[PDB]
Each structure stands twice: as structure tokens, then as C-alpha cells.
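Chains as they are written, first to last, in PDB author numbering: chain A, 26 to 685; chain C, 26 to 670, 674 to 685; chain D, 345 to 685.
For every residue, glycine included, the Cβ atom is placed at its ideal position computed from N, Cα and C.
To start, the structure itself, in C-alpha cells.
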Amino acid sequence: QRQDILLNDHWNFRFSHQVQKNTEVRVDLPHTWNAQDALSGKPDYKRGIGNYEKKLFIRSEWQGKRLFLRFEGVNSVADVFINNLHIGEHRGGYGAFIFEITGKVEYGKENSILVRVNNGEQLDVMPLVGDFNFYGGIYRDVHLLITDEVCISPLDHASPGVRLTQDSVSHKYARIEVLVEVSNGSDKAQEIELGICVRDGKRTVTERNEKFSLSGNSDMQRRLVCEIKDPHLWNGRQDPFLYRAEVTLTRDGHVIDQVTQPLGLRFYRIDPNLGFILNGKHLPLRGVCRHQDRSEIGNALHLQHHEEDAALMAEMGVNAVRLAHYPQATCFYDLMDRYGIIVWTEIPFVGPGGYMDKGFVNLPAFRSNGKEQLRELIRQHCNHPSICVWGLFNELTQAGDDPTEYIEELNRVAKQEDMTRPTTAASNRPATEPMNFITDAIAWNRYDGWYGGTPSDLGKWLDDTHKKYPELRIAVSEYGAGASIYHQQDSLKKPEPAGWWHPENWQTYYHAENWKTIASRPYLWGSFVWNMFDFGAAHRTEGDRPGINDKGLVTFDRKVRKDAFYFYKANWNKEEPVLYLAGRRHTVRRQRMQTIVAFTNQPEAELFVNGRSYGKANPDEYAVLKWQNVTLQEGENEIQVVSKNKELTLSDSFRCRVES
Amino acid sequence: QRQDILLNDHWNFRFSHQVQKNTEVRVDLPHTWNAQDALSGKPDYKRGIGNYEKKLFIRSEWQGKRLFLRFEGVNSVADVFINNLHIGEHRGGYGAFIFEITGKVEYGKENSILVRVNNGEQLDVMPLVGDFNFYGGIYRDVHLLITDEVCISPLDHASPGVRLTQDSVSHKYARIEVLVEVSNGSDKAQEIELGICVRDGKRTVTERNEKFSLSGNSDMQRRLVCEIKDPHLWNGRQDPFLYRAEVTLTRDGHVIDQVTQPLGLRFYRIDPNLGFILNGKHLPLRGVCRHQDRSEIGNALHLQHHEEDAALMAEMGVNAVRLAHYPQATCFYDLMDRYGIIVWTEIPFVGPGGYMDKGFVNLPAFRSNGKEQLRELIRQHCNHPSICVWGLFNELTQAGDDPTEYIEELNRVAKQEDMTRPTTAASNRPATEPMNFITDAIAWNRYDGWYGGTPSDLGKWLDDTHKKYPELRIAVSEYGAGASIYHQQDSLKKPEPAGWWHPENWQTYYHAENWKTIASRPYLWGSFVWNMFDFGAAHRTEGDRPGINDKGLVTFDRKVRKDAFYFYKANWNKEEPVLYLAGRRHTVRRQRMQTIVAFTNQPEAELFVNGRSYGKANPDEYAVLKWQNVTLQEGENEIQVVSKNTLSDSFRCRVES
Amino acid sequence: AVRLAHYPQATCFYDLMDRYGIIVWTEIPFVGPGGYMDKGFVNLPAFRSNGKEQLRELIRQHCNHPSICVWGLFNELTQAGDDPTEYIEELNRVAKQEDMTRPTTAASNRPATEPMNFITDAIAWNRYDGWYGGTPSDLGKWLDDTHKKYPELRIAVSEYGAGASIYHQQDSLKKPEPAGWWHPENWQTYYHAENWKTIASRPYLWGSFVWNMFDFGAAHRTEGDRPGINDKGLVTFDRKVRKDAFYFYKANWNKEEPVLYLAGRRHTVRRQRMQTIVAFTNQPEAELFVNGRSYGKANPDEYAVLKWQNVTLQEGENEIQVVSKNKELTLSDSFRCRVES
Ligand SMILES: [Cl-]
Ligand SMILES: [Cl-]
Ligand SMILES: [Cl-]
């Protein structure tokens with residue numbers, strides 16, 4: 026009944042700095058204008074105003090309906106015009122936002138949609154700093170909504186208008202409360218029927234409907250309640266079961282409007298000594314971090330790109346994700362729902378880390394806008410079963426303008442919006458700083474063995490902190506190491522992090538030792554690898570090219586899994602057979618005697634070097650096969666590893682050459 | 026004695042796009058970071074955040090005083106930090122602004138000022154568009170103000186704290202209402218003597234004092250009424266007389282704070298049919314526009330630059346100047362006060378003109394800020410006798426977000442702030458548009474004979490408008506033509522304005538015809554030339570080099586007066602001898618036959634060509650000497666002109685048929 | 345005298361030197377790296393054959409100009425790497441085939457021992473003692489040392505100079521850092537007064553050449569008051585403003601146009617109350633008036649320098665005027681000035 030029309034095709038664009046006429050060029054949404062300058066490594070890429078114009082014919086039959094323009098993302102600040110009259114402004118690059126254009130168009134005519142987008146710097150719109158790209162543009166989809174004059178309202182913070190809250194969840198019973206925004210845009214009072222039907226496919230599981238009166242040009246909220254006995258729980262990747270919940274408005278029979286949403290029922294708690302308990306059973310959060318960009322296109326992502334990023338994490342055995350450092354797309358939360366991957370999602374309250382300036386500036390506009398951004402985050406995505414914590418900052422400092430007061434304010438805003446999920450944060454503060462003690466959970470970013478030290482520093486630090494504050498729920502927000510797939514060398518030696526040489530073997534070593542450190546500590550409720558993918562950061566000058574943070578387990582184009590990916594796949598994915606030699610891309614070696622390493626989830630593998638066996642071996646606790654003192658021969662070599670397990674015979678091999 | 030310490034020397038600077046540490050460099054205020062990229066013709070010059078830091082030592086003997094940071098101009102949005110703790114933001118690149126730091130520093134030790142300056146694009150801080158450059162930075166002076174704990178307050182829209190309102194002026198009597206803001210920063214009540222002394226050189230002209238008690242931590246506004254019988258009126262360039270008004274705070278017989286302000290007394294009115302009448306006598310307003318930049322340095326101007334601009338204007342006989350398109354430097358207002366030049370100064374409410382986008386966006390942060398800039402402009406510069414009109418917009422359009430109500434709102438704000446001067450605007454709308462009728466006076470930007478048409482079209486349009494709207498007080502806000510000193514040709518032909526060829530002879534022809542049109546029309550209360558000076562406009566791609574609006578009478582480096590300068594000088598300056606051949610820069614000619622033109626304010630001159638006399642000639646009504654059918658030799662040629670009353677002028681050129 | 349760096353210039357400018365009477369050193373663009381990277385000489389066949397063509401072009405094109413008096417062969421080459429010393433000898437021989445009436449010379453930055461300093465008939469060195477390292481007095485000792493070691497060389501100073509922004513001012517005379525963003529004007533003034541004293545006491549120098557008459561373009565530079573400018577001119581890059589040191593030379597060198605010029609007119613905000621007040625004149629006397637009060641008459645020293653020590657300025661505004669009377673001609677100069685602390 027209700028209509029949702031994609032508006033991405035054929036816009037006109039120009040930069041306000043192109044001040045002459047006839048300078049517009051065709052673009053097609055999604056779109057950023059920084060996919061070339063920023064990705065090329067230019068730190069001063071284009072940050073300012075871009076102008077999108079669309080011609081949209083408003084049909085006559087649409088008069089008497091209600092028309093909305095929903096934007097799923099526009100970085101950073103957007104001003105919307107209909108036939109060149111301002112209708113609204115939205116400040117924030119990552120929440121969806123909406124405007125009703127029912128009273129603003131000429132029915133039966135072409136009309137003009139004009140979106141003036143600014144991604145230039147501000148001190149009053151988070152994020153203010155960050156180790157990533159602030160791609161400017163309409164980089165997510167744009168939709169025309171047409172509904173009945175009486176509808177389930179899409180206007181409240183661009184939420185769906187249906188909000189599904191879970192309490193009393195057990196293996197035996199669950200209670201769901203359903204908050205519905207209903208809007209009467211007619212001049213007449215209406216007697217409507219409101220109904221909720223929760224379904225398993227096409228089988229009704231529960232159902233309640235309600236008749237009530239609503240005056241003209243008025244909206245009110247309705248909160249229905251229903252129950253499910255012996256509910257089918259959403260249980261992570263073991264069984265990511267999903268009800269669909271349909272809320273309908275009815276009038277004289279026949280549906281007049283409909284909204285459907287996912288319902289995944291789960292209970293869980295974060296235990297200071299046991300970690301994360303999902304539906305009564307402990308669950309390691311084997312996590313990675315993910316940014317929303319890609320090679321060549323920046324953050325103008327299409328559906329298939331989200332799907333592919335999800336598939337690669339699923340393949341590696343990921344069961345948790347931190348979506349850094351901002352609200353991300355509905356269809357990615359969808360995929361995490363459907364795969365059973367637990368989600369940490371946060372507002373863009375990002376501090377400087379090792380860089381300059383601040384993530385917090387004590388401006389009324391900044392503080393206020395931040396609260397609206399956190400309110401957008403929760404109201405737009407709270408229905409997703411995969412979301413399990415709400416994150417409030419990444420790497421703020423207490424020096425200069427101190428955000429501790431404001432963070433406490435944000436924490437309270439989160440609880441007003443959602444009591445059912447803990448808050449968390451990603452800190453790089455000494456443990457004594459108050460801001461580590463506000464959120465329900467806390468976590469630190471740690472690079473022991475990359476930005477200085479050795480991996481053993483990590484377990485000591487975490488052990489000490491867990492001892493001094495026994496009630497903290499500690500996790501590793503970030504840990505990782507740079508790696509170019511074209512940087513190879515025989516020996517493990519710690520590269521300079523800020524230089525043009527990130528040899529792949531050190532990333533491998535780093536994650537091996539670090540996962541060992543994490544896996545020995547059950548008090549950590551999760552760990553999150555920085556990062557799943559290389560991602561654009563235009564100011565970086567390191568690795569094999571500028572403009573890239575190269576700590577991904579997979580390359581920026583999603584083409585090449587680095588060695589470390591297969592290390593995590595050996596450990597985390599016990600379903601697909603894995604047998605993978607490390608260092609296949611080290612193809613020109615200077616030593617004759619080497620240490621060979623493979624990763625497997627098989628019980629046993631045997632190494633062969635020019636057909637000459639070097640023995641069977643079993644992986645250690647963390648899936649690592651290792652043969653020291655393997656003599657290669659001058660010139661060409663072939664290195665093959667083989668494993669048999671009943672009918673399952675696996676093989677991996679590569680070639681290489683030794684010079685001197 | 027109140028202390029005023031310049032803080033321009035040695036600051037640390039880095040762009041915020043320089044994320045890495047140790048990337049600061051030294052700058053020395055005044056400073057912009059767009060003096061290289063914008064003036065090189067880069068359309069997307071850097072519009073973003075730059076961070077200035079200074080270490081400043083807070084002396085122990087200042088504890089117990091008050092301490093003010095006053096910024097004369099920072100484009101466009103500034104946030105100021107004391108020891109990295111925010112103390113306020115200012116939105117707007119051309120008004121002065123101030124923040125008190127008394128309670129924000131550690132006395133006796135080093136402190137740090139951090140000024141985070143953002144010239145990035147905004148849709149809520151005028152100007153949004155404009156044919157000029159938005160040079161970012163702290164491009165005007167920065168002072169430390171030390172005052173008594175009870176002081177003449179510097180905090181109200183960064184005003185001087187003293188307002189000199191001329192409520193009645195005549196050749197016999199002037200009455201001046203003085204408004205002084207007094208601040209008590211003490212925790213105890215204070216009884217203080219407020220005094221004002223109006224001085225002529227050293228002679229006290231009038232004097233008024235009063236005693237009151239001001240309670241602790243309280244601000245108050247006093248209003249003393251001064252009178253001057255038989256006043257010495259400030260009467261333009263004929264006699265730019267200035268009294269000095271010294272307001273002082275006394276306490277138990279000792280002066281503790283002092284503020285002096287100009288007082289130039291005058292009355293005037295703008296007659297619909299007769300033009301501008303100053304102190305009872307008609308003045309043609311012979312005017313030019315002026316921007317606050319210069320080659321190589323952008324808008325990071327010094328005093329000598331202001332002074333050289335003013336002198337060049339006075340040399341040409343200017344007696345009115347329109348300061349486009351924004352509040353400019355107090356120091357340049359002082360100059361016009363002292364020369365006697367009438368000033369038109371306006372808020373940066375600038376529309377797109379020939380270009381894209383809008384001068385107005387209907388959102389409340391834009392409306393709010395605009396009223397604040399208008400209040401900033403009047404409260405900060407109202408004590409200059411040169412400022413005679415306040416302008417509200419330049420080239421706004423009624424399409425899209427209609428700004429007409431908002432301009433009515435802005436008109437009422439200026440009347441609230443200053444009833445003694447009329448409002449004006451610079452329009453490019455058809456006379457039908459309602460926005461033309463809000464301000465007391467109105468004017469139009471017109472380029473008949475440059476952007477299409479012929480100069481004769483100005484008079485016809487003006488005439489038609491005066492007849493249709495006889496109550497309008499009409500002036501020409503802009504008229505002008507582009508020229509490069511390096512584009513020369515034999516004959517007069519109209520260039521394509523958007524092209525790379527702007528021959529000088531066209532600019533000279535254009536101005537001589539347009540002045541003729543203006544000079545005939547006394548109902549114009551003024552005319553302003555676009556522009557006195559070539560200026561920066563990064564998007565321009567015309568003339569002899571990109572990034573330059575070249576409709577100036579003088580070049581961007583203020584080195585070379587174009588031919589048109591000397592036309593106006595001979596018409597407007599009858600005190601300095603002028604005799605000047607046009608076309609000396611056209612040194613390679615293709616025709617033997619020539620029309621030789623010169624400008625003069627002598628009663629006659631005689632032309633010589635390779636020594637041969639072509640005749641004594643008299644100038645026309647517009648100071649133009651012209652000899653037709655002048656016959657040049659192939660090869661080298663010397664053209665000379667002489668007058669006696674004994675002036676000479678000459679240049680050499682060669683002919684290649 | 346003018347040294348046209350570093351390349352053949354326009355005929356009309358050669359003409360202008362002919363007509364003023366200025367002696368001209370002009371040269372081929374055989375320019376070395378100086379303080380930068382890479383080389384002026386690469387031992388390619390085409391490079392060498394081209395260089396000869398460029399020198400025959402130079403001489404056959406401008407030999408008629410009488411102002412040209414020496415022919416320059418290189419600037420700041422180095423012997424490290426591809427040694428050009430042979431190829432310098434060829435060019436000098438080409439010069440000799442092309443023209444016998446003028447000596448050849450060069451502008452060196454090599455230790456005096458290097459052979460490439462003895463090929464041409466005369467030789468000069470670029471010295472920056474007191475700007476790039478050292479004191480201005482190091483220049484005298486080196487020249488005399490060199491003159492004593494090789495009494496046959498015909499030694500000139502092909503380059504000496506110091507950077508200055510007219511917008512960099514200060515109270516005291518401190519050696520700035522050359523590659524930094526701060527070139528105060530008082531230092532360039534000091535540099536030239538001291539270096540000219542060193543030059544003018546040494547008659548065995550057949551000439552000296554200020555680097556440079558004007559600030560010139562050099563995109564790579566990041567010093568002084570803006571990027572991309574070599575700011576050692578005596579006059580700005582727009583030929584509009586004469587820096588202090590220009591007037592030190594005009595007083596010294598131009599004894600026909602009267603000069604009376606106070607130094608430091610652009611330093612309009614001082615921080616100290618006692619000042620040394622220096623002026624340059626070719627008049628015989630001048631009197632200094634500070635806020636209308638005489639600080640006495642004074643005579644210029646041998647190098648046209650008037651100095652009044654221990655000048656007391658008031659806090660706030662100041663007016664500094666110096667005035668000369670020579671029979672008919674009366675000269676005055678003044679500038680305003682502000683003291684804060
Ligand atoms: Cl922060
Ligand atoms: Cl507009
Ligand atoms: Cl070399």
C-alpha cells in the first residue's frame with residue numbers, strides 16, 4: 026500500500042566553488058566527491074559545499090497522500106530546498122534524517138529537490154578529528170515516501186516509527202513492548218485500528234490490535250504489549266533466529282499503512298570476570314572492526330559491498346564487530362542480524378589519538394548536536410538484535426576542554442532511550458581517568474608491539490587494570506598492526522610504524538601473540554581487531570602508499586586476504602577446513618634455512634620441501650604449525666603442506682626462489 | 026593609565042589538516058593563509074581551520090586589574106582558548122570582537138592563547154557568496170587591553186564604550202548625547218566621577234561631569250548631554266575639522282581610565298531631486314569603491330597600505346568612498362575622518378550577481394548572525410563623522426529564499442542603533458522589486474557598456490526610474506570597466522568581458538562616457554566607481570591573469586594608475602596641476618593616423634608630434650583634449666603636450685604598418 | 345657594475361647598461377647546486393655540445409655591447425661526482441676563439457685549492473659570512489688569506505647578501521636563522537654596512553656584487569615572509585619599496601642626488617625606550633629632532649652613517665625627524681613610532 030521510491034538516479038552536481046553557470050555534471054547516487062582526492066593521499070582534500078539538484082515530477086494522484094524525502098546519510102551538514110525554498114537543515118554525517126514535502130510541492134508538475142551539502146570543518150559537529158576520511162556527499166540512498174494521510178509516522182528522528190523493546194527474556198517467556206508513532210495528517214478525526222502481528226515466516230506467533238480515535242492534524246504515541254512463551258531465541262551464529270514484526274493501521278477494514286521490522290529475542294549480560302554471557306552461556310566475542318569505505322569509491326557503497334564485507338568476516342569466523350567510528354547503514358546491521366554477529370556501534374565522538382587538536386570542544390552547539398546524534402543512533406537502529414552495546418566515544422582526552430561531564434550527560438541520554446543494552450566506550454586514557462568509569466562497559470585501544478613495546482606488555486597491562494578495578498567490564502576496543510602485501514623479508518624485525526615499510530610477516534607475528542594474550546583472559550568480554558579491512562585515511566604516509574591505514578586483515582579492495590586473516594580463520598572457523606601456508610608472498614629470499622609456518626584447524630599436517638618431507642606436526646593451541654631449520658636450495662623451491670583426515674585430504678603450496 | 030599592548034608578534038600556526046605533531050610554523054600578525062593560493066587564481070583555495078597559538082606572560086602586577094583580548098578582524102569563525110580551555114566563539118569575519126580573560130589566566134606565569142580560526146564555507150554566516158576572496162586568518166591587529174577594575178567598558182559588541190550621538194546640528198548650535206558604559210569589576214561598591222572634555226587642539230570646548238556610586242560587579246550606562254555653541258562643522262574635504270572627545274573615569278581625585286573618540290559635527294540630507302546636501306550646501310559625491318586587499322599580502326594589510334590607498338584616493342579628487350562589501354578597518358575610517366571623505370559602509374549581505382547560489386538562506390542562525398553583524402558595524406564605528414550611510418545588502422535576489430522581510434527586519438535594527446544616519450543599499454533588481462524601497466536611500470550597480478549595451482543606456486534607465494519613482498533617492502552604487510595595463514590596441518572596440526583581452530583604451534572610453542552621464546544628473550546623490558583598485562577574486566579568468574577583478578583605476582599593487590585615474594583626477598582635482606596623455610602604454614601601433622587624447626585641468630594645451638605643432642586646444646566639459654587626424658611617422662615617434670599658465677607630458681612609440 | 349645572473353639577458357637591457365655606463369658581467373647558465381641537491385654538470389655528450397652552443401650564442405649575440413666587460417663561465421659548480429673541470433677548460437678555450445678582447449671569469453663556491461678556480465682570467469667567490477654562518481669579519485680574513493696564497497689571482501666578490509622582509513621588524517640586532525620564517529630588516533642593513541666596509545678597504549678586489557638588487561622568484565624557498573621568494577634584494581620583488589640597505593649604498597655611491605634617510609622607519613612598534621637612531625646621508629651634517637627636541641648635530645662617518653646613541657623615547661607616540669642644511673638645499677626626513685614597554 027505504502028510506497029518507497031528510490032531517488033538515486035540522475036542528479037546534477039557542482040561545487041559552490043564553481044561559481045559560474047552551466048558547470049553542473051551528472052552524478053548518480055550514492056556519491057562522494059572525495060573518492061579521488063582523499064583516496065590519493067591528499068591531506069587537504071575538498072571539504073566544503075556541494076550542490077545536488079534533482080527534478081521530480083509530483084503526480085496528481087499523489088495529492089491527498091503524504092510525501093517524505095528520507096536521506097540515509099549525508100556528510101556532514103545538509104540544507105534541503107524544494108523549488109529553491111529552504112525546508113530544513115541537518116547537521117551530522119551518519120544518522121538518517123527526513124523532511125515532509127506534502128505541503129511544499131506543486132501537484133501535477135515537475136519540482137526541484139536541491140540538497141546543499143557541506144563536509145567542511147566545524148568545531149560544533151562531531152566528529153572533529155579522526156584517523157579516517159570525512160567523505161563529503163549524499164553517500165547513502167535517498168527515498169520518496171508516500172503514505173496515507175493517517176500513517177505510522179516516519180518523522181521521529183527518521184526512525185521507522187515502530188520501536189520494539191525486550192524485557193524478561195528467558196528460554197520460557199519474553200515480553201515485547203511496541204512503541205508506535207501514529208500521525209493523522211487529515212483535517213478530520215479518524216477511528217483507526219492499530220495492530221501488531223509477530224510472525225515466523227507466515228505463521229502468526231502473537232497478535233494484538235486496538236481501535237482508537239485520533240483527532241485531525243494530531244499525532245500521538247501508542248505502546249502495545251504482547252508475549253511469547255517458549256520463544257525461539259536469537260543465539261548469535263549458533264542460531265540467528267529472527268521474527269518479523271508487522272504493525273498495521275486499518276480503517277473500515279483494509280490496510281492503509283504498514284511497517285515491518287525484525288525482532289530477535291535474546292538476553293545477555295557482561296560479567297566482570299566471566300566475559301560475555303549470551304542467553305545463559307559464555308561466548309567469546311571474536312571481534313573485528315569495520316569502516317564503511319572501499320577502494321576507488323570511498324564510502325559511496327552499494328548493497329553488494331556491504332554483503333561482501335559481511336561474507337568475509339563470516340568466513341574468518343568473526344562473531345562480533347565494532348562498527349567504527351560512527352552510525353552505519355541499516356543494511357549492514359541487517360546482515361549482522363542475519364549472520365548472528367554481535368554489534369558494537371557508537372556515535373562519532375572521536376578524539377585525536379596520537380594526532381593534533383581535540384574531539385571535544387566546549388560549545389553549546391557541539392554538546393547539543395552530540396545528544397541529537399546519539400538520539401538518532403538509538404531510535405533508528407534499536408530494533409536490530411545484533412546491536413548489544415551503545416558506544417559513546419573513541420579516544421577522548423581530559424586535557425584542554427574536559428568531556429567527562431558531557432560524557433556522563435550522554436550516558437544518561439542513552440539510558441533515557443534504551444535501558445536494555447549496556448553502554449561502552451573505546452578509551453586510550455590511563456585507567457585512573459574518571460571517563461573510564463561512566464559507561465556500563467569499558468575497553469581500551471592497545472597496540473603493544475606496533476606503536477612501541479612488545480605484545481607481552483598487553484596482558485600485563487590488562488591483568489593489572491582488572492586487579493585494581495575488579496568491577497570494570499574490560500575489553501580490547503582495538504589491537505592491530507600494519508602490513509603491506511608487497512612488503513616481504515626473511516626475518517621478524519619490528520618495522521617503524523610511521524615509515525614506508527610494513528612487512529607482512531610482522532602483522533602475522535603481532536596477531537599470533539596478541540590473540541594468545543587475549544585467549545588466556547576470560548575476564549575480557551571481547552576483543553576487536555583494528556581492522557578487518559584497510560581503510561582510507563588521507564593523512565597517512567606509511568606502508569606501500571600514502572593515504573591508507575594498512576592494519577586491515579584484508580586489502581582495501583577486498584581482493585586479498587593477508588596471512589593473519591587465515592590465522593584467525595584457523596582459530597575461529599572450526600567448520601570450513603583450513604590449511605594455509607604463511608609467507609607465500611615472500612617469493613625472493615636471501616636465506617637458505619627458514620622457519621616455515623602454516624595455519625590449520627586439522628589435527629595434523631606434514632610439510633614437503635622440493636618433495637622432501639620435513640615431518641608431520643600438530644598445530645599448537647592457536648592453530649599454528651611450525652617447522653624450524655628448513656633448508657631450502659639455491660634458486661627455485663616448492664613448499665607444500667598436506668593433511669589427511671579420513672576422506673578429507675587438504676593441500677596448500679607455493680613456490681619461491683633463494684638468492685644467496 | 027589604561028595599557029594597550031599589540032600582540033601581533035610571533036605566533037605558532039598549523040592547519041588542522043596537518044594532523045601530525047611538530048607541524049607548527051611561525052607567523053606574524055596580521056596574517057592570512059590565502060595570500061598565495063587564492064591570489065594565484067586557485068578557485069578552491071583553502072577554506073578550513075587554522076590554529077594560532079601565542080605564549081603570553083601574565084605579570085603579577087596585573088593581578089587586580091582587568092585583562093581584555095580584542096581582535097580587530099578574524100575571518101570568519103573564531104574560537105578562543107585560554108590555556109586550551111574554550112572561552113567563546115565569534116561568527117563573522119569583519120567586525121571586531123572581545124573577550125575578557127581577567128578570571129581565565131594564572132598571574133605571574135606563562136599562559137597560552139589558542140585561536141582556532143575557520144574560513145570554511147557556511148550557509149549561516151554572511152557573506153555566503155561574493156565576487157571576492159574570503160581570506161582566512163587573523164588578518165587584523167590583536168591587542169591586550171589592561172584597565173582598572175572599574176573601567177569604561179570595552180565589552181559591548183567590542184565598541185569603544187563611548188557613543189557620540191549628534192541629536193541636533195546647525196551652523197549655530199550642536200547638541201551631542203554621550204553614552205558611556207561603565208563596568209565595576211570590583212566586589213565592593215565604588216563612587217566614581219565620570220567626565221567628558223571636548224577639546225580643540227588643547228582648548229576645552231565644553232565639559233560636563235557627574236558623580237555616582239556603582240555597586241560591585243555591576244554595569245551601568247550613563248548619558249551626558251554636551252552642547253557646543255557656534256560649532257566648527259566637519260565640512261568634507263573643504264574643511265575636515267575634528268574635535269577630540271576625551272571621556273575619563275576619576276576616583277578620589279585621580280584619573281583611572283580614559284577613552285578618547287573623534288567628534289566631527291555635521292548635518293546633511295539626501296534630497297530625492299537635488300542629491301546630497303552637506304551642512305546646507307550641495308555636494309556631488311564623486312566616489313569609488315574599495316576592497317581591503319593588495320597584491321602578495323591578501324587582506325593582511327598594514328597601516329601604510331591603508332594610508333597609501335587613502336592618499337591615492339585624495340590625489341584623484343575622491344570625496345566619497347564606498348567600502349565594499351563589509352565593515353573595514355577602524356584605521357581606514359580614521360583616514361576618511363581626517364581627509365574629509367564621505368563613507369558608505371555596509372554589512373556583508375552580498376548576493377550572487379552574475380554567479381551561482383545565494384546571498385540569503387532562510388535559516389534562523391543566518392538571520393540571527395546578520396543582525397549581530399549589523400549591530401557590530403554601527404556600535405563599533407558610529408563615532409566616525411565620515412560614515413554617512415549604512416548599507417544593508419549588495420545584489421540580493423528575490424528568487425528562491427526571498428530576503429525581503431529579513432531586509433525590513435535589518436532596516437529596523439539599524440534605526441534602533443542609529444537614527445542620525447540614513448540606510449542605503451546596492452541593488453541589481455528591476456526597480457519593481459519591493460526590496461528596493463525598504464532603505465532610506467537606494468542605488469544600483471550598473472555596467473552599461475561593459476556587460477552588454479552602451480553607456481547611453483545608463484541615463485535612460487536612470488531617467489526612466491526617477492520619473493517612475495520620484496520619491497526614490499537614487500545613486501549609482503557601481504559602474505566600471507575592466508582594463509589591463511598590458512592590453513593595448515589602435516582602435517576602440519568592445520572586448521568580451523569574460524575573455525583574456527581587456528584593452529586599456531576601452532576602460533578609458535567607458536569611464537569618460539559614464540561620468541558624462543552621471544555629471545548631467547544631479548538627482549543622483551552619488552556615484553561610486555567599481556573599483557578604485559584592482560582586487561582579488563580567485564574565480565576570475567579574464568584580463569591579463571586569473572584571480573583578479575581588473576575594473577580598477579589603479580593596479581592591484583597600487584603601483585600604476587591607469588588612464589582613467591587621470592581622467593577623474595583632471596575632473597575632480599582642480600588643486601593639483603594635471604596634464605596627462607592617454608595611451609602611453611600603447612607603444613607599438615599599426616596605423617599611421619591617430620586620434621591623440623589628453624586630460625587636463627589647465628585651460629588649454631598644445632600637442633607636438635616629432636616637434637611639429639598640431640595646435641593649441643581647449644578641454645571639453647570633461648577635461649578631455651582631443652586632436653584628430655594626427656599623422657605619425659613610420660618607426661619611432663615622440664608625442665608631447667605642453668601648457669602654460674608650465675606643464676609638459678610626453679611618451680614615445682613606434683609605428684609598424 | 346652589474347652581474348647579470350645567471351644567463352644571457354635581453355639586448356635592450358644590455359643597451360640600457362651601455363647608455364648608463366654600467367660595466368656588465370654576463371654569463372652562460374652553467375649553474376651549480378649551491379646548498380641544494382643534484383648537479384649543475386652531467387657528463388653527457390649532448391650536455392657538453394649544447395653548452396658550447398650556448399656560449400657561442402652568448403658572445404656572437406651581445407659582443408657589440410661595450411658595457412659587457414667580463415664573460416662568465418659558471419656559478420657554484422662542484423668537483424664531486426662528474427668533475428666539470430676539463431669541460432670548464434674547453435668553454436674557456438671557446439670563449440678565446442670567440443673573443444680575445446674581454447677576460448673570462450666565474451663565480452665559485454669551491455675551496456680556493458680547486459683547479460676550476462684558475463682556468464678563467466679572473467675569478468670571484470660567493471660569500472655570505474654573517475648570514476649563512478659566521479661573522480661579517482670572516483670575509484675579510486678569507487679574501488686576504490686567499491690573496492696572499494695566490495697573489496696572481498684577480499679576485500672579486502661575485503655574491504654577498506642577506507635576506508630581509510620589510511614586514512619583519514624588531515628592537516635589537518640578533519642573527520636570524522636563514523631558512524626560517526623570520527628575516528628582520530635591521531639585520532640585512534647591518535650585514536651590508538659591515539660587508540661593504542670589508543670590501544671598501546681591499547683595493548685588490550676588482551669588484552663586488554650584492555646578491556641581489558631585487559628580491560626574485562625561487563619557488564622552492566620557504567623563508568622570509570612568504571614562500572617562493574629569494575628575499576635578499578635591496579628592493580622588493582615589485583620594484584615598489586626600497587629597503588634600508590638600498591639607502592646605505594645610495595648615500596655611499598650616489599654623490600649627486602642628495603640623500604638623508606633614517607633607518608628603521610618600518611619598525612613602528614618598539615618595546616624599549618632607549619634607541620640608537622641611525623641615518624644615511626651624503627650631506628655634510630644633520631640634526632636629529634625627537635618629539636621636537638634636538639639630540640644635536642652629527643657628521644656622517646666614512647660610510648655615510650649618522651648615529652645618535654642613547655635616544656630616549658616617550659611611552660606611546662613618538663616623532664623622529666632628521667634635518668640637513670647645505671647652502672641652498674634643506675633636507676628633512678621623519679617617521680612616526682610607538683613605544684609599548
Ligand atoms: Cl578530546
Ligand atoms: Cl540572494
Ligand atoms: Cl656541479
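Cβ-Cβ distance between residue i and residue j below 8 Å
i	j	result
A500 (chain A)	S552 (chain A)	yes
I177 (chain A)	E206 (chain A)	yes
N453 (chain A)	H350 (chain A)	no
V142 (chain C)	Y77 (chain C)	yes
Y431 (chain A)	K541 (chain A)	no
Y593 (chain C)	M341 (chain C)	yes
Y639 (chain C)	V622 (chain C)	no
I412 (chain C)	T355 (chain C)	no
Sequence-distant residues of the same chain with beta carbon closer than 7 Å to residue i, five excluded per side
i	result
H35 (chain A)	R51 and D53
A523 (chain D)	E567
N234 (chain C)	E218, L219 and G220
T464 (chain C)	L417, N436, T448, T449 and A450
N387 (chain C)	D426
Cβ neighbours of residue i in the same chain (closer than 8 Å, five flanking residues each side left out)
i	result
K641 (chain C)	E629, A630 and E631
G89 (chain A)	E174
Sequence-distant residues of its chain with Cβ nearer than 6 Å to residue i (five each side left out)
i	result
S208 (chain A)	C176, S178 and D244
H409 (chain D)	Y358 and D362
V683 (chain A)	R614, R617, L657 and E659
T490 (chain A)	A456
> Which ranges would you report for the beta strand (DSSP E) in the stretch 454-520 of chain D if only whole runs of at least 3 residues count?
Replying inline: 467-470 and 499-504
> Between the stretch 295-308 of chain C and the stretch 266-282 of chain C, do three or more beta carbon pairs fall short of 8 Å?
Replying inline: no
> Three or more beta-carbon pairs under 8 Å between the stretch 346-357 of chain A and the stretch 390-397 of chain A, yes or no?
Replying inline: no
> What is the chain-ordered set of residues for which the beta carbon lies under 5 Å from any non-hydrogen atom of ligand 1?
Replying inline: A:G376, A:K383, A:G384, A:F385, A:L421 and A:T422
>> Can you confirm whether the stretch 651-668 of chain D touches the stretch 626-635 of chain D when touching is taken to mean that 3 or more C-beta pairs between the two stretches lie within less than 8 Å?
In response: yes
> Can you list the alpha helix (DSSP H) stretches of 4 or more residues lying completely in the stretch 588-655 of chain A, in chain order?
Replying inline: 588-597
>> Report the start-end ranges of each alpha helix (DSSP H) in the stretch 369-424 of chain C that is 4 residues or longer and not cut off at the edges.
In response: 389-406
>> I'd like the ranges of any beta strand (DSSP E) spanning at least 3 consecutive residues and lying wholly in the stretch 269-342 of chain C.
In response: 279-288, 293-296, 300-303, 306-308 and 311-315
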